Amino acid sequence: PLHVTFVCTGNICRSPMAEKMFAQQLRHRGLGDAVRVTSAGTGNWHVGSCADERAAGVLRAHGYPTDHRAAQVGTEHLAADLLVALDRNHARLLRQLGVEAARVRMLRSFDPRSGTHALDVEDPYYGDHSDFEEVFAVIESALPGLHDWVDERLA
Ligand SMILES: [Cl-]
């Protein structure tokens, strides 16, 4: 059972959205039981909390699940086959956490339009609904490449 996890700071906005969106797609693709998808944060001040409301609101609006319980990065996540970081600071930390460079990758690097220098997924925490809608757009735009990665592994 392949294991892919998404990582941001608080695990209440960006990472949780990626997790659910990806999970959903995997389900549509009949790959539900082949891949395990989670998300965790580098910080510990939101641990156990539900996903940010504005985040849930956008997921809901697009028909995605919103059930979520924030977790801090732990042994569980550090053991995933692929750690996907939302921005480059998350990437730096997972790296300092012991994960080898190759198992750590930024979400946008999977965007089919991405260049060599991956882009951060801007944090929408200090904005409103539209900002999360934007983040959804950015994430949706990146996931396809993550699917290519999964397909390859499952083969
Ligand atoms: Cl967050």
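Here, residue 1 is simply the first one shown, and the rest follow in order.
If you're wondering, the header gives X-ray crystallography, 2.5 Å.
In case you wondered, yes, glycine gets a Cβ from its N, Cα and C as well.
In Swiss-Prot this protein carries:
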type	residues	note
ACT_SITE	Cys8	active site, nucleophile
ACT_SITE	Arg14	active site
ACT_SITE	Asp123	active site, proton donor
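In the three-state DSSP assignment, the secondary structure recorded for the residue listed as 'active site' is helix. With all protein chains in the displayed structure included, the most crowded Cβ environment within 10 Å among the active-site residues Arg14, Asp123 is that of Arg14. DSSP assigns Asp123 (active site, proton donor) to coil, not to a helix or a strand.
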